[PDB]
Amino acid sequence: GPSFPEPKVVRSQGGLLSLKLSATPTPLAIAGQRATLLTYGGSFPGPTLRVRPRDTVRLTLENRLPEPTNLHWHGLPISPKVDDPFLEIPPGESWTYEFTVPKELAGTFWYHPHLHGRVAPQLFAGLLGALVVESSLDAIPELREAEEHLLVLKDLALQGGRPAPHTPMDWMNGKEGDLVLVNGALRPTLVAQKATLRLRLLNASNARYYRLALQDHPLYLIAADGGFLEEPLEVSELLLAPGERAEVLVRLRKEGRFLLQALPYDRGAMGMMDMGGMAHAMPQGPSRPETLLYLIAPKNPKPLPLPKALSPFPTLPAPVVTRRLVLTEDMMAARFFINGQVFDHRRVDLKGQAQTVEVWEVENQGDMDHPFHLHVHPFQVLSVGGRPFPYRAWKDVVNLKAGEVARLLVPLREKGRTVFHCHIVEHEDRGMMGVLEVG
């Protein structure tokens, strides 16, 4: 096979991507060992769906799990009557999602379960896959001539040949695994054939963060979760929180082997200790460094020039309301709150007007990082922790460290009921989610 493993791609044909996927326990070979995971399409990750704007997607999901499940089309600005976070597909039953890909859209998106209370174990077990929306921008020489790869960053822990069960501490912290994988492979080797790489990055982990750095190289950010930046942005490293995506150009500078690493990062996960009459919570501290892949540069690399521009960001109408959403924690209870409440599917929390713009101020009053996700309505991050964002682009997840306030500009698009929640999926399952109704 290709030294670099990537999920199989399924492309739309004549403007239609019609596909039947099954969610099923699947025996497979994973990181040198045999395990049974929960998969879509018999693979981990699931197949990459590759579409263009205005395509019709017709995806029939067959549920072959012992529990109910559904799909969240993460990041897609489509109707919540399609991307329905309240829908339940019972074991043995099927449901067809049908939608048109929005005309003004490009980037890396993904699909995974969103049945409240069951997301963390289902995602941790292997249920996820990517969706790429191809753009006319991909035809510019500086992108067309780059070597393109998808990197699905997802960790795993195995016990008795199955995904390790959630502990009480896992529900508090979000579960992380010792197998830190790229496209379901353990430290794969990418032997570059071109000097410029275009990497689409997806954090599909329950809770693990990836503080990305390539040895000896900067990265050039060209897209965030939901679309291109206006121009490339040079960065020395790039933090991807759970649920986030990014696309970078890598400009290989000389021959050799370069490690792509997840550098140490402290997201505020907690342990317990007892030092002679305690038994109380203590910080886990920064993650241990991980090597994600080995990048081998070609001979005498001469990278392409960077594109001078990407996509102009839309000029948005002036906002008509400001919202404040405060995140808090009860760590020992593994309970998580938005404005003092836990999720209730029957309760509407915010009511907004389609085609208006809102300012959402999301404040983290907890001690853990929380990555805040909104369905259906991509947003522009204005600032976080009081620091202006250095680029304009569509995002749908924004990470907040302890005490930080994020200011978001949120155009309301499709009408209907949808949700917002922490994308530490254990925290969502444990209540950190609310309901937005757009009319």
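Between two forms, the rigid core is the largest collection of C-alphas that superpose within 1.5 Å. From 1 onward, residues are counted along the sequence shown.
A fit on the rigid core, followed by a root mean square over CA positions in 8 other deposited structures of this protein, ranks 382-390 against 38-46 and picks 382-390 as the more shifted one.
Displacement analysis by core superposition in 8 other deposited structures of this protein ranks 280-288 above the other of 280-288 and 137-145 in root-mean-square C-alpha distance from the shown form. In this entry, the higher average B-factor at the C-alpha atoms falls on 345-353, of the pair 345-353 and 213-221.
Relative to its counterpart among 141-149 and 122-130, 141-149 has the higher mean temperature factor, C-alpha atoms as listed in the PDB entry. Highest C-alpha temperature factor among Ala241, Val180, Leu201, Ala309, as the PDB entry reports it: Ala309. Per the deposited coordinates, the residue with the largest Cα temperature factor out of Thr189, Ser236, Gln159, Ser205 is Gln159. Ranked by C-alpha B-factor against the other modelled residues of its chain, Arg58 falls in the middle third. When the CA B factors of the chain's modelled residues are split into thirds, the value for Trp171 lands in the highest one. Remark: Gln284 belongs to the highest third of its chain, ranked by C-alpha B-factor as recorded. The PDB entry assigns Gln33 a C-alpha temperature factor belonging to the highest third of its chain's modelled residues. Among the modelled residues of its chain, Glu231 has a C-alpha B-factor that falls in the highest third, as given in the PDB entry.
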